[PDB]
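Q: Right, I'll just put the structure down here and ask away after.
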Amino acid sequence: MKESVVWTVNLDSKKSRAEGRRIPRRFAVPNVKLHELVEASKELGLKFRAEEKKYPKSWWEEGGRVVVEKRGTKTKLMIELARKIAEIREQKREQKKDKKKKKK
């Protein structure tokens, strides 16, 4: 019931510590996915929130930032957030807009 701030890059493995990595490689999702970050919170209706830079009218950006209600814990929240986000990434694996696209 508190507030936590997480960026899209932290949960991304492709982003090294210099890029901003706070998630363990074991559950890290390479390449941030809006479908995974937002769709994850939708599953619980209230766990984190996606924020966007003060001025979206710009180029060369990391996309957006996400905040999780929890606070107190650090990477574990990322592990939990990745736990929900990892499923959605996995959802893209189970179906690839092709296996289901053609039904026959």
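Residues are named by chain letter and number: chains run A, B, ... in the order of the structure tokens, numbers start at 1 in each chain, and ligands are numbered from 1 in the order shown.
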Leaving out segment 55-63 of chain A and any residue of its chain fewer than 2 positions from it, which residues lie within 10 Å of it when counting only C-alpha atoms, given as a ChimeraX atom specification?

A: /A:7-9,32-34,51-53,65

Q: Among chain A, which ones does DSSP place in helix (DSSP H, G or I), written as an MDAnalysis selection string?

A: chainID A and resid 34:44 75:94

Q: How would the residues just picked look written out with N, CA, C and O atoms as a short mmCIF file (atom, residue, chain, number, x, y, z; two decimals), in the first residue's frame?

A:
```cif
data_model
loop_
_atom_site.label_atom_id
_atom_site.label_comp_id
_atom_site.auth_asym_id
_atom_site.auth_seq_id
_atom_site.Cartn_x
_atom_site.Cartn_y
_atom_site.Cartn_z
N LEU A 34 5.81 -2.78 -23.62
CA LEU A 34 4.62 -2.06 -23.07
C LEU A 34 3.51 -3.07 -22.83
O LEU A 34 2.82 -3.04 -21.82
N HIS A 35 3.33 -3.99 -23.73
CA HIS A 35 2.28 -5.01 -23.56
C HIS A 35 2.50 -5.77 -22.25
O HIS A 35 1.57 -6.12 -21.56
N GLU A 36 3.73 -6.01 -21.89
CA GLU A 36 3.98 -6.73 -20.60
C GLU A 36 3.80 -5.81 -19.39
O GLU A 36 3.17 -6.17 -18.41
N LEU A 37 4.39 -4.65 -19.42
CA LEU A 37 4.28 -3.75 -18.23
C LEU A 37 2.85 -3.33 -17.94
O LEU A 37 2.36 -3.52 -16.84
N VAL A 38 2.15 -2.76 -18.88
CA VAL A 38 0.76 -2.33 -18.58
C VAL A 38 -0.14 -3.55 -18.37
O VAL A 38 -0.85 -3.65 -17.39
N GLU A 39 -0.14 -4.47 -19.29
CA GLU A 39 -1.02 -5.68 -19.15
C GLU A 39 -0.80 -6.39 -17.80
O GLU A 39 -1.69 -7.02 -17.28
N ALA A 40 0.37 -6.27 -17.24
CA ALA A 40 0.62 -6.93 -15.92
C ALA A 40 -0.24 -6.28 -14.83
O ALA A 40 -0.94 -6.94 -14.09
N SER A 41 -0.19 -4.98 -14.74
CA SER A 41 -0.99 -4.27 -13.70
C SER A 41 -2.49 -4.51 -13.93
O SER A 41 -3.26 -4.61 -12.99
N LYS A 42 -2.90 -4.61 -15.16
CA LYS A 42 -4.34 -4.84 -15.45
C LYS A 42 -4.81 -6.14 -14.80
O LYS A 42 -5.94 -6.26 -14.36
N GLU A 43 -3.95 -7.11 -14.75
CA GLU A 43 -4.33 -8.42 -14.14
C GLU A 43 -4.73 -8.24 -12.67
O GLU A 43 -5.59 -8.94 -12.17
N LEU A 44 -4.11 -7.33 -11.97
CA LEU A 44 -4.47 -7.12 -10.53
C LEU A 44 -5.31 -5.85 -10.35
O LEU A 44 -5.79 -5.56 -9.28
N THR A 75 14.60 -5.08 -5.00
CA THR A 75 14.59 -6.03 -6.15
C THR A 75 13.46 -7.03 -6.02
O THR A 75 12.84 -7.39 -7.00
N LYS A 76 13.17 -7.51 -4.83
CA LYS A 76 12.06 -8.50 -4.70
C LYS A 76 10.83 -7.96 -5.40
O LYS A 76 10.20 -8.64 -6.19
N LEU A 77 10.49 -6.71 -5.16
CA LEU A 77 9.32 -6.13 -5.87
C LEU A 77 9.57 -6.29 -7.37
O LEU A 77 8.70 -6.68 -8.12
N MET A 78 10.77 -6.01 -7.80
CA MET A 78 11.08 -6.18 -9.24
C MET A 78 10.90 -7.66 -9.57
O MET A 78 10.33 -8.01 -10.59
N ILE A 79 11.33 -8.53 -8.70
CA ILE A 79 11.12 -9.98 -8.96
C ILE A 79 9.62 -10.23 -9.06
O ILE A 79 9.14 -10.87 -9.98
N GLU A 80 8.85 -9.70 -8.14
CA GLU A 80 7.38 -9.89 -8.21
C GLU A 80 6.85 -9.19 -9.46
O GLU A 80 6.12 -9.76 -10.24
N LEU A 81 7.22 -7.95 -9.66
CA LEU A 81 6.74 -7.25 -10.88
C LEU A 81 7.17 -8.04 -12.11
O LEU A 81 6.40 -8.26 -13.02
N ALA A 82 8.39 -8.52 -12.14
CA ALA A 82 8.83 -9.33 -13.30
C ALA A 82 7.99 -10.60 -13.33
O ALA A 82 7.67 -11.11 -14.38
N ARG A 83 7.63 -11.12 -12.19
CA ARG A 83 6.81 -12.36 -12.17
C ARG A 83 5.53 -12.13 -12.99
O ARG A 83 5.16 -12.93 -13.83
N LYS A 84 4.88 -11.01 -12.78
CA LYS A 84 3.65 -10.71 -13.58
C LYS A 84 4.06 -10.34 -15.01
O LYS A 84 3.51 -10.84 -15.98
N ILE A 85 5.03 -9.48 -15.14
CA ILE A 85 5.50 -9.07 -16.49
C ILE A 85 6.04 -10.27 -17.27
O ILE A 85 5.84 -10.39 -18.46
N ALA A 86 6.74 -11.15 -16.61
CA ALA A 86 7.31 -12.34 -17.30
C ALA A 86 6.19 -13.17 -17.90
O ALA A 86 6.32 -13.71 -18.98
N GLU A 87 5.09 -13.30 -17.21
CA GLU A 87 3.98 -14.12 -17.77
C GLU A 87 3.58 -13.49 -19.11
O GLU A 87 3.54 -14.15 -20.12
N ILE A 88 3.25 -12.23 -19.12
CA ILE A 88 2.82 -11.61 -20.40
C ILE A 88 3.89 -11.80 -21.47
O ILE A 88 3.59 -12.13 -22.60
N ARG A 89 5.15 -11.63 -21.15
CA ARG A 89 6.20 -11.88 -22.18
C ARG A 89 6.01 -13.31 -22.68
O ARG A 89 5.99 -13.59 -23.86
N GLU A 90 5.83 -14.20 -21.75
CA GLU A 90 5.60 -15.64 -22.08
C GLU A 90 4.30 -15.79 -22.90
O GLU A 90 4.19 -16.65 -23.74
N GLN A 91 3.34 -14.93 -22.67
CA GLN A 91 2.08 -15.04 -23.48
C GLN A 91 2.43 -14.85 -24.95
O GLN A 91 1.91 -15.53 -25.82
N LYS A 92 3.33 -13.95 -25.23
CA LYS A 92 3.76 -13.72 -26.64
C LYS A 92 4.46 -14.97 -27.17
O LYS A 92 4.43 -15.27 -28.35
N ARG A 93 5.08 -15.71 -26.29
CA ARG A 93 5.77 -16.96 -26.72
C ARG A 93 4.74 -18.04 -27.07
O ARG A 93 4.83 -18.69 -28.09
N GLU A 94 3.76 -18.22 -26.22
CA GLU A 94 2.71 -19.25 -26.48
C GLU A 94 1.98 -18.96 -27.79
O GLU A 94 1.66 -19.86 -28.54
#
```

Q: Skip residue 71 of chain A itself and residues of its chain fewer than 5 positions away, then list as an mmCIF file with N, CA and C atoms, in the first residue's frame all residues within 6 Å of it, counting only C-alpha atoms.

A:
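The resulting result_16.cif:
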```
data_model
loop_
_atom_site.group_PDB
_atom_site.id
_atom_site.type_symbol
_atom_site.label_atom_id
_atom_site.label_comp_id
_atom_site.auth_asym_id
_atom_site.auth_seq_id
_atom_site.Cartn_x
_atom_site.Cartn_y
_atom_site.Cartn_z
ATOM 1 N N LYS A 2 2.086 1.141 -0.490
ATOM 2 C CA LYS A 2 2.995 2.320 -0.516
ATOM 3 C C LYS A 2 3.354 2.672 -1.964
ATOM 4 N N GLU A 3 4.466 3.325 -2.192
ATOM 5 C CA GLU A 3 4.819 3.698 -3.596
ATOM 6 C C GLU A 3 6.245 3.265 -3.969
ATOM 7 N N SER A 4 6.409 2.729 -5.152
ATOM 8 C CA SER A 4 7.767 2.308 -5.608
ATOM 9 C C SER A 4 7.986 2.780 -7.048
#
```

Q: Could you work out how far atom CA of residue 68 of chain A lies from atom CA of residue 6 of chain A, giving the answer in Å with one decimal?

A: 7.1 Å

Q: Report, in Å with one decimal, the straight-line distance from atom CA of residue 49 of chain A to atom CA of residue 66 of chain A.

A: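 Separation of atom CA of residue 49 of chain A and atom CA of residue 66 of chain A: 5.5 Å.
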
Q: To one decimal place, how far is atom CA of residue 31 of chain A from atom CA of residue 10 of chain A in Å?

A: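 These atoms are spaced 10.3 Å apart.
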
Q: Using backbone DSSP assignments, extract all strand (DSSP E or B) residues from chain A; output them as number ranges by chain.

A: A: 4-7, 48-51, 65-68

Q: Write a file of the just-selected residues containing C-alpha atoms, as a PDB file, in the first residue's frame.

A:
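This is the output file part.pdb:
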```pdb
ATOM      1  CA  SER A   4       7.767   2.308  -5.608  1.00  0.00           C
ATOM      2  CA  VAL A   5       9.395   3.731  -8.768  1.00  0.00           C
ATOM      3  CA  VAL A   6      10.789   1.398 -11.433  1.00  0.00           C
ATOM      4  CA  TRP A   7      11.978   2.290 -14.939  1.00  0.00           C
ATOM      5  CA  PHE A  48       1.892  -0.411 -10.262  1.00  0.00           C
ATOM      6  CA  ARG A  49       1.339   2.555 -12.606  1.00  0.00           C
ATOM      7  CA  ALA A  50       3.051   3.531 -15.847  1.00  0.00           C
ATOM      8  CA  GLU A  51       4.459   7.084 -15.959  1.00  0.00           C
ATOM      9  CA  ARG A  65       8.603   4.520 -16.562  1.00  0.00           C
ATOM     10  CA  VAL A  66       6.588   2.318 -14.162  1.00  0.00           C
ATOM     11  CA  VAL A  67       5.789   2.778 -10.443  1.00  0.00           C
ATOM     12  CA  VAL A  68       4.720  -0.104  -8.165  1.00  0.00           C
TER      13      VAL A  68
END
```

Q: What's the 6 Å shell around segment 21-23 of chain A, counting only C-alpha atoms, without same-chain residues fewer than 4 positions away, as a ChimeraX atom specification?

A: /A:10-11,16-17,28

Q: Residues of the last selection are to be written out with N, CA and C atoms, as a PDB file, in the first residue's frame.

A:
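Printed below is result_9.pdb as written:
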```pdb
ATOM      1  N   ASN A  10      15.289  -0.980 -15.980  1.00  0.00           N
ATOM      2  CA  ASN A  10      15.695  -1.879 -14.855  1.00  0.00           C
ATOM      3  C   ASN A  10      15.332  -3.337 -15.148  1.00  0.00           C
ATOM      4  N   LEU A  11      14.087  -3.618 -15.419  1.00  0.00           N
ATOM      5  CA  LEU A  11      13.671  -5.030 -15.689  1.00  0.00           C
ATOM      6  C   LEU A  11      14.240  -5.555 -17.019  1.00  0.00           C
ATOM      7  N   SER A  16      22.632  -2.919 -19.352  1.00  0.00           N
ATOM      8  CA  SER A  16      23.627  -3.222 -18.284  1.00  0.00           C
ATOM      9  C   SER A  16      23.441  -2.283 -17.089  1.00  0.00           C
ATOM     10  N   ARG A  17      24.197  -2.493 -16.046  1.00  0.00           N
ATOM     11  CA  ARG A  17      24.074  -1.623 -14.842  1.00  0.00           C
ATOM     12  C   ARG A  17      24.197  -0.151 -15.234  1.00  0.00           C
ATOM     13  N   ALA A  28      14.719 -11.617 -15.583  1.00  0.00           N
ATOM     14  CA  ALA A  28      14.732 -10.342 -16.359  1.00  0.00           C
ATOM     15  C   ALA A  28      14.175 -10.550 -17.769  1.00  0.00           C
TER      16      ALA A  28
END
```

Q: Using only C-alpha atoms for the distances, tell me which of A:64, A:72, A:45, A:30 is nearest to residue 13 of chain A.

A: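 For residue 13 of chain A, the nearest of the candidates is A:30.
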